[PDB]
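There is one chain below, alone, in structure tokens, taken in the form deposited in one PDB entry.
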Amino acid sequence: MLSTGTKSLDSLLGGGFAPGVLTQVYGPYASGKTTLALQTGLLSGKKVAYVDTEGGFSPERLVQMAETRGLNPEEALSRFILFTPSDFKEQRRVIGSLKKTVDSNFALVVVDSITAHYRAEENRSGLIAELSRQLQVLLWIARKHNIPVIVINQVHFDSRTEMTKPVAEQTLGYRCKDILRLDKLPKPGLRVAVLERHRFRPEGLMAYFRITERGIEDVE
């Protein structure tokens, strides 16, 4: 197993992201950021660790999708182990804990994944650090543990100015090896994946798609 998905994406990704490595995903809101994480998991058979620190989690969205595609509600709920937090300084506690002290023979991991705030005195940088040690462990282990994770970052290619495009770049581009990206295109419900990094299957592989109310569908 690599991981599930669609086909418009599946072809692209090499077919299911990839084990051993973390496939970083950065883009804006309203793009399918979360809608993948879920679909990818409840259909990979068993347990996925899902760690959100903001919105994402949906015990309604999970059900609506397991409804129409055919599956099970009451049971599905217990797939993505019930984790967060919403205390980002104190997320390490959970990101370090959930890996070593939650693991077993199970599918994935998805995080949410970016910045946090204190109040003043310019924290930013100090926190722009955070993202490198969490991922240090979040890397050596994913490989050392033949497991695939999904790191949910933000902002994407805004332009080239304001530090080129990704949040903390150079780290993501060393800590995460498979850089994907979801951006919004003219259709409320239809974005586009473009592999910014990966091994097998060229970066120039820009694939398209559509998200419906049930999950990622292919188009025409």
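Residues carry their position along the shown sequence, with the first being 1. For clarity, a rigid core is taken as the largest C-alpha set superposing within 1.5 Å between two forms.
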Mean C-alpha B-factor comparison - 130 to 138 and 113 to 121, higher one: 113 to 121
Comparing 86 to 94 with 101 to 109, the one whose average Cα B-factor in the PDB entry is higher: 86 to 94
Maximum C-alpha temperature factor, selected from 70, 189, 56, 59: 189
26, 50, 174, 29, ranked by C-alpha B-factor: the highest one: 26
Within-chain third of residue 17 by Cα B-factor, per the entry: middle
CA B-factor ranking of residue 35, expressed as a third of its chain: middle
Among modelled residues of the same chain, the CA temperature factor third for residue 77: lowest
Third assignment of residue 167 from its chain's C-alpha B-factors: middle
Cα B factor band for residue 184 (lowest, middle or highest third within the chain): middle
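Below, we turn to the form deposited in another entry, even though it does not appear here.
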Exceeds or equals 2 Å, Cα of residue 47 between the shown form and the other one, core fit: no
Displaced residue check between the shown form and the other one: residue 144, CA, 2 Å or over, core reference: yes
C-alpha of residue 118 moved at least 2 Å between the shown form and the other one on rigid core: yes
CA-CA separation of residue 198 and residue 161, closer or farther in that other deposited form than in the form shown [shift of 3 angstroms or more]: closer
Cα separation of residue 166 and residue 88 in that other deposited form versus here, shift of 3 Å or more: farther
